[PDB]
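Chain by chain, the residues:
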Amino acid sequence: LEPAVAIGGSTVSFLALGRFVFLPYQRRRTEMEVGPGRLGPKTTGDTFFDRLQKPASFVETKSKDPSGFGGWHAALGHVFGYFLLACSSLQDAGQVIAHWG
Amino acid sequence: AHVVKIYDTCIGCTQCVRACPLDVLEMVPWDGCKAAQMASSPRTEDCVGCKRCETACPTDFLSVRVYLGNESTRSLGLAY
Amino acid sequence: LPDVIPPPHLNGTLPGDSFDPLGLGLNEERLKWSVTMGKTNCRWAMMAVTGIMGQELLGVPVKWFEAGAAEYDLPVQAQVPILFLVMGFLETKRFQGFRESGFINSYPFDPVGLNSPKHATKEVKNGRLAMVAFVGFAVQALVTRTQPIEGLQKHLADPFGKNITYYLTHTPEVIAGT
Amino acid sequence: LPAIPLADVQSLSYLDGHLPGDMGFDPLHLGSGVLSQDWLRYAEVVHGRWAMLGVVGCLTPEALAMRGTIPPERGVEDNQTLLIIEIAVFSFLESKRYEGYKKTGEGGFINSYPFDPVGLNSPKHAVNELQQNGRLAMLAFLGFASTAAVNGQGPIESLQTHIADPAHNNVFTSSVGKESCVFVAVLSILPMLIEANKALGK
Amino acid sequence: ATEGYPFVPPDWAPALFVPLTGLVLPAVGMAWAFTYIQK
Amino acid sequence: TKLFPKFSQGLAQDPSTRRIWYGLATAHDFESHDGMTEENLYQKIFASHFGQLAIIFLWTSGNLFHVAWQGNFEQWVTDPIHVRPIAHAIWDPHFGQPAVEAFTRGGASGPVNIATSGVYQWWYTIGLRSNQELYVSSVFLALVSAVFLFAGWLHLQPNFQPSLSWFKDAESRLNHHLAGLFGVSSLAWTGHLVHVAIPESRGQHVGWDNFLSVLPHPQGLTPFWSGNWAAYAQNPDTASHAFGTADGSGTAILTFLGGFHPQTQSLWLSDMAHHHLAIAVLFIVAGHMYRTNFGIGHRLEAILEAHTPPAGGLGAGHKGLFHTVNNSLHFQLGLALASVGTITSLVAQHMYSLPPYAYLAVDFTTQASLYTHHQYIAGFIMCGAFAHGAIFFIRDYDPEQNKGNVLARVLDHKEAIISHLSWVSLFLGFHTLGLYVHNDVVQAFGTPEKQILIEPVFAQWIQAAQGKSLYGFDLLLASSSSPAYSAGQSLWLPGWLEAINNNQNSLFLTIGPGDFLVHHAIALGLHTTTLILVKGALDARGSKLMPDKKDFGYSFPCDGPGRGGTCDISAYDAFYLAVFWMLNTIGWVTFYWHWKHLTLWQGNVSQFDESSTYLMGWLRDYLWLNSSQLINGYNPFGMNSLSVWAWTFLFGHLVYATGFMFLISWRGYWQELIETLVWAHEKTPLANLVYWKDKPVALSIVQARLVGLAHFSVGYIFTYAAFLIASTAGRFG
Ligand code: CLA
Ligand code: CLA
Ligand code: CLA
Ligand code: CLA
Ligand code: CLA
Ligand SMILES: CC1=C(/C=C/C(C)=C/C=C/C(C)=C/C=C/C=C(C)/C=C/C=C(C)/C=C/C2=C(C)CCCC2(C)C)C(C)(C)CCC1
Ligand code: SF4
Ligand SMILES: [Ca+2]
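Residues numbered from 1 in each chain as written, not as in the entry; some residues may be left out. Chains lettered and ligands numbered in written order. Part of a larger assembly, values for the part shown. Heavy atoms only, no water.

Structure determination for this PDB entry was carried out by cryo-EM, with a resolution of 2.84 Å recorded in the header.

This is how it is decided: UniProt positions are given in the numbering used here, feature names are shortened, and annotations may be inferred rather than shown by experiment.
Under the PDB entry, the name given to chain F is Photosystem I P700 chlorophyll a apoprotein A2, and the organism recorded is Dunaliella salina. According to the record, the entry carries the title "Dunaliella Photosystem I Supercomplex". Reading the Subcellular location (unreviewed entry) entry of the UniProt record for chain F gives the comment "Plastid, Chloroplast thylakoid membrane". According to the UniProt record, the Sequence similarities (unreviewed entry) comment for chain F is "Belongs to the PsaA/PsaB family."

Below, the structure written as structure tokens:
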């Protein structure tokens, strides 16, 4: 019900889940997928400034495989998976969603 | 004009040269069949495209092929 | 020169030197044209924000947003035509300077014998800060329906309360003005 | 040709500047033929002649008190038959002018007299000043025609009203022309578009 | 016009625009097209 | 050597009229132009796309301009039931005294024509209420069209032309199209619905001068940032509520009410906003699936390579399909045309059943014209999808790349696929024709009881499963104890049940034995058109009669009169033959729609239900009875408003009959005739001074098929549009 405890307790649970139990599975699962290049063509010498993966170091900062943007990506679980529970206003608005039967 | 081709599966029966009504195909000597002669097409610019050679070809599939292309005054059969 | 651990720029002879996560450059011609855009956009924004601050300090019962309609001797009907000719002249002449290179005002360079050499990075940096301050003035004015000095006073008067979050939660009172 | 219309505009390749009044402005390439531009030029100058004479033709009557400010033929002494002798004398005169123009060009004469330098004045600068003054009067006569928007106000009178109030008495607001603003808007952005197009197409 | 300027057209509009695109425009279009078709 | 076909030196060196005609045919086949590379091809396509967008926006801007100048929009808003919409004015120096007196309708000063496009209801529904808003919005659309034209030219310049990899990047394209083009645009549309369309429907005027001072909801975003999202659905608009004023209005914005509106007979405007908002959130969250230049996302090639069932069900699975699809353009074009052609039909089927615009169900000509227009457009696009699939198989299908996959695997049993399609088509044809002829003969012998009448017990069961309690099937959504009925009983089931139980709207019409046979006729037309198109696509690169067909291109005349004769053997010829079947299928579905609605609108629903079983009943009560007012447009006793429709009704017949000429008569007869005319012009006095620059020749075989099909399709379209609008407009509003 409380928005502060439903989307706050959500963020941390989705973050800790993705950082403690679903991180090696995600890293092991993303190894079979290749990047944007059309099977690796010449880019720098052909002016392909948009397809090249963004640099910004992209190296280990934490431990056991970190995540720079994954901490902001997997964090969307906070609003994707619990802003729905946070907005469950139909439990007190009369519109019953129990679906009897 | 049209592009005529003669494949190696020719038997040298000399029927396409007899069926051509514009003297496009000819028979040159060869060393790959029993008749020792293979068809050729030197006057390709005079091809009109009536495809009588393909009907006269007895082998399966046809040894001669008439691929139609650009049209000129001679290939369009114009008399004016 | 750098800020934090990622690798630096692809070109490093320009005033501002930092990183860009999208990388809209990588084209020397687009880099030269785009660097001129930054200087001219910042020129307009620097003047604009100092103008809004001045109009706000001096005053004449009208906010910069409501300053569009406020009498005047010559009407907006004739205001546009005169504005186009003046601006069209000045701007087309300025584009003439870019072909031969450099930044020109009335004519090429326009340097009234003042400091220029190492006094440049500050000009770009001041311009950039004024650009972000102007976009803040606009969304601040749109959300709070007030002038930047009043907003500063409202935050100065009360910090924890009457904040930006307050301006998002309450809209039926902010518009009404209660 | 070195002056140029708006700021710095690439003068058209056909206009080498040989003509005395080459401002470098000639949009849609209406004139580019060698034998056609000379005749068009003769047209432009003849136009200026009729228009300059016209501008000062309405200026005189308008300045003093008289009728015909907007409409002519209040009374007159010749009706219809006049109009016939007008076209007859002009047809003879015009046929002579066309014959003279074909021989040497830049036909400046009355009746049949190939060259008309009575006053013995004909320098280069005077040829040029004829053109610039003709262009000006051709653009001023339209303002005399634009008295329609200003209605009863005459040419000298329209000037008088504009002197009384300089902000609420102009084409942009006091006239019914609200599209004059859009005209000056597109006339102001057009230059930049030409430079932009030519620059982009490197 | 009055308070309707934005694309409001004068009365003799179809009397001078239909006689234009129905005869003058197809004539100049076909003339330019024929000269372009030929050498 | 002329210079008109600049893209083809071969046609440029043609000394006949064939150069002119063909110069207008291969003008868009950029894949077969002289000196064309892959990069040049992709850049040319990118430019033509912008040109198409510019002409689309210019066309809609012109529509807004014409309705704002001559249409009675302001007069139509004050009375959207009695007055008729006005398209534009009519200026014709050929018109007579009675034509000017009779063409003036809708309260106009001059002659005008009523609009059947239905744009008045659409603009009145979205919020346009004045004659000035259409003006300012028309100039805005013209401005955005000008920008698109500049953008197309801009990208056709050096240092601005995109590379080949930019075109061959599917991950970022799909991410941006699903997030920005499909999601952000939908979010902006629900924002307009909640900020302008919702307050304008309740009398509160909201425009550009006061939208920043009026709050869409009393709470004012306070619930959006709080755990009280149901506040936006507190008081919906009541039943007794006028669509123009605030009499009986509400303050809710994001509701969920099934059914329609009691006065406008359209969906609730407070529901489309909720719909577009949910669709926007779904598309934005779905646009972050593929991997762009970041460390997250998916890879299309990896998903396709990973989708291969074990135990050899599909062999190689989808291996190589990524390069096959991405490397080819006709594959993407065929997929896009198939999806667009399917959703166009979906739009047609949902707009008549669930009207989305206010006062649209009252306008009977608008609904018929809109349904017919959308169905014919869908049919043409569906034929184009299969045509491009055949073009893909001939032009860019290399068998060595995707060996043993599903694309090469479906090609191994093309005879099995084509043969089973042939069996289904023969079954449906034999039985639907036999049932119709049996009912016809039995009805003709003065005995209607003898005729066979099959009740569609399956579609009636579906209708009873969705809410209609007329048939009597005690199933879910029509019962009172089913879990599906208790679920949603407080959400949207009362409004949905109230709209589906009414026998006056078009939502789930009551079907009977007359709809069974027509549905089988529709199935027959679909399977036959699919058979022709699928056979022409699979047998495109070779057959047993001609194995080297792939070496002859896509559109060739034949391969001589040898080996029995090879007339109409190319895939182009197969598509040509399928266009007729597509026209017949769309004609059958539109005849069915128009007759069922034509009998429902006049309160004589028992006419079609008992007279639609026999073909004589179809010809009498549909083609002969409803054509009484159309042919009476101009008789020796004067004329009326319907005379223009009567004229174009015969104009379509003339175009159709001229197409039969190019379809029946073949080129050789005409070639000899043209030769005789050449001799005549050369040996004639005073006319031999002039001479043709290009030698006159007869049209080609492929050209003759194309011109005949164009004449056939144009006549088929014009005749039915004239009859539909005239028969509906003539006896209804
Ligand atoms: C598509 C646009 C279009 C337009 C705007 C018109 C307009 C017109 N058509 Mg028409 N027509 C069209 C398409 C069009 N048509 C098509 C596609 C067809 C083929 C089916 C026809 C077939 C057709 C026929 C068979 C006839 C017309 C006729 C007419 C005229 C109506 C009768 C009339 O009042 O006579 C006009 C009266 C006038 C006073 C007009 C005189 C002005 C003309 C147009 C120019 C003359 C000025 C002259 C050149 C001066 C030279 C200057 C000199 C100093 C050099 C009218 C002006 C009728 C006609 O022409 O009348 C005899 C007629 O018989 N049309
Ligand atoms: C419980 C066991 C089980 C079952 C039942 C299935 C079942 C299925 N798997 Mg799966 N799989 C399993 C276990 C299982 N799998 C396991 C343990 C793994 C390892 C994790 C996989 C991994 C796997 C992968 C990677 C894939 C599948 C796929 C498939 C599907 C298609 C398989 C196939 O050969 O196509 C069917 C065989 C054919 C020959 C197709 C016949 C085509 C017909 C004849 C066309 C007729 C059309 C005609 C017009 C119909 C008229 C109707 C009218 C309305 C038009 C199928 C439904 C594939 C899939 O996802 O497809 C959806 C897929 O790629 N499986
Ligand atoms: C978020 C950024 C973004 C956006 C907004 C767009 C937008 C667009 N791109 Mg683009 N693109 C992008 C990023 C983006 N792109 C990037 C990053 C790349 C490089 C990787 C590309 C590469 C690219 C290419 C190569 C092409 C485009 C093209 C297009 C245009 C598609 C044609 C169209 O208008 O259909 C409109 C689509 C919709 C309105 C939504 C779909 C409509 C469906 C069918 C439902 C219908 C809605 C509803 C039921 C109807 C209501 C209306 C009715 C009431 C009247 C479009 C304007 C094409 C183009 O050039 O222009 C034609 C094209 O060729 N893009
Ligand atoms: C997204 C849509 C789309 C696109 C981009 C293409 C693109 C292409 N098509 Mg394709 N096609 C489409 C849809 C599309 N098609 C559809 C919907 C169909 C089904 C009708 C077809 C059926 C089709 C066939 C059969 C063929 C192509 C071919 C081609 C290629 C070149 C031919 C060409 O376009 O030149 C331009 C063509 C013309 C300019 C001819 C225009 C004449 C039209 C059809 C008649 C207009 C009707 C009438 C005059 C209207 C006036 C009425 C009157 C009363 C006023 C080209 C790459 C050809 C090909 O692959 O090359 C061999 C090929 O043979 N298309
Ligand atoms: C394919 C479409 C079609 C169908 C499905 C029908 C069906 C029917 N028609 Mg019709 N008809 C059709 C087309 C069709 N017709 C056409 C195109 C025409 C125009 C030429 C007609 C004109 C027509 C007329 C004029 C009449 C019919 C009649 C009938 C009914 C006759 C029943 C019968 O023949 O008695 C029974 C036939 C047999 C029992 C045949 C015996 C075959 C062997 C000996 C027995 C089979 C083995 C046995 C079942 C044992 C098997 C064991 C098993 C259990 C294991 C029947 C329902 C008649 C009727 O009464 O209308 C209702 C009638 O008047 N039709
Ligand atoms: C030739 C070719 C081509 C083309 C093709 C085509 C043209 C195709 C198509 C097709 C189509 C045109 C299809 C369609 C479809 C659809 C479908 C198949 C669907 C579906 C779905 C479902 C399953 C549903 C369900 C449901 C729901 C969910 C809800 C309600 C209920 C129901 C049940 C209804 C190409 C180029 C590729 C190449 C190759 C070959
Ligand atoms: S299309 Fe004509 S030329 Fe070809 S086989 Fe048929 S009849 Fe003969
Ligand atoms: Ca309004």
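From this point, things continue past the structure.
### Concerning the overall build of chain F
Test applied: For helices the rule is a DSSP run of H or I covering at least 4 residues; for strands it is a run of E covering at least 2, with both sets numbered from the N terminus onward. Each radius of gyration reported is based on C-alpha atoms, and the globular scaling rule is 2.2 Å times the count of residues to the power 0.38. Here, residues are in contact when the closest pair of their heavy atoms is within 4.5 Å. What sets the accessible areas is the Shrake-Rupley method with a 1.4 Å probe; for residues, cover comes only from the shown protein chains. The sign given to each residue is positive for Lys and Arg and negative for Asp and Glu; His and the chain ends receive no count. Charge positions are represented by NZ for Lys, CZ for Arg, CG for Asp and CD for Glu.
Broken down by element type, chain F carries 26 helices and four strands. Here chain F has a C-alpha radius of gyration of 29 Å; the compact-globule value for 733 residues is 27 Å, and the two agree. The dimensions of chain F, computed from C-alpha atoms along their principal axes, are 85 × 80 × 60 Å. If you take every contact in chain F between residues at least 6 apart in sequence, the share linking residues at least 24 apart comes to 66%. Surface summary for chain F: the accessible area is close to 36,200 Å², and the carbon and sulfur share equals 67%. Treating the 34 positive side-chain charges of chain F as one cloud and the 45 negative ones as another, the clouds have centres 9 Å apart.

### Things to note about unusual backbone geometry
Operational definition: Per-residue accessibility, obtained with a 1.4 Å probe over protein chains only, is compared with the maximum for each type, and a residue is labelled buried under 20%, exposed over 50%, and partly exposed between these values.
The omega torsion across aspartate 60 of chain B and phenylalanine 61 of chain B is 0°, close enough to zero to call that bond cis. Tracing the backbone through its elements, the reader meets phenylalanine 61 of chain B in the loop between α2 (52-56) and β4 (64-67). Phi at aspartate 110 of chain C is positive, roughly 60°, even though this residue is not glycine. Here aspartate 110 of chain C shows up in the loop between α2 (76-99) and α3 (121-144). On the basis of relative accessibility, which here comes to 40%, the residue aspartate 110 of chain C falls in the partly exposed class.

### Here we look at the environment of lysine 32 of chain C
All names here are of chain C. Within the secondary structure, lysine 32 is located in helix α1 (residues 28-58). For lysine 32, a relative accessible area of 42% translates into the label partly exposed. On a C-alpha basis, the gap between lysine 32 and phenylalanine 98 in space is 10.0 Å, while along the polypeptide they are 66 residues apart.

### Focus: the UniProt feature "binding site: chlorophyll a 68" (unreviewed entry) in chain F
Residue and element names in this part refer to chain F. For the record, the criterion: The term polar contact refers here to a pair of N or O atoms within 3.5 Å; inside protein, the definition further demands a hydrogen-donor-capable atom paired with an acceptor-capable atom, and it admits residues adjacent in sequence only when both atoms are side-chain atoms.
The sites that carry the UniProt feature "binding site: chlorophyll a 68" (unreviewed entry) are, in the present numbering, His653. Looking at the element boundaries, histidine 653 is found in helix α24 (residues 643-664). The exposure class assigned to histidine 653 is partly exposed, which follows from its relative accessible area of 39%. Within polar-contact distance, the side chain of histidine 653 engages the backbone oxygen of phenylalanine 649 at 2.7 Å.

### Re the pattern of salt bridges
Selection criterion: Any carboxyl oxygen of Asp or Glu within 4 Å of a side-chain nitrogen of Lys or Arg constitutes a salt bridge here.
If you walk through the whole model with that rule in mind, you get 30 salt bridges over all chains. For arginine 18 of chain F, the salt bridge is made with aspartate 14 of chain F, and the minimal N-O distance between the two is 2.9 Å. On the accessibility criterion, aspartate 14 of chain F (4% relative accessible area) is buried. A single network of salt bridges, built from pairs that share partners, joins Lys51, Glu54 and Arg65 of chain B together with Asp548, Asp559 and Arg563 of chain F.

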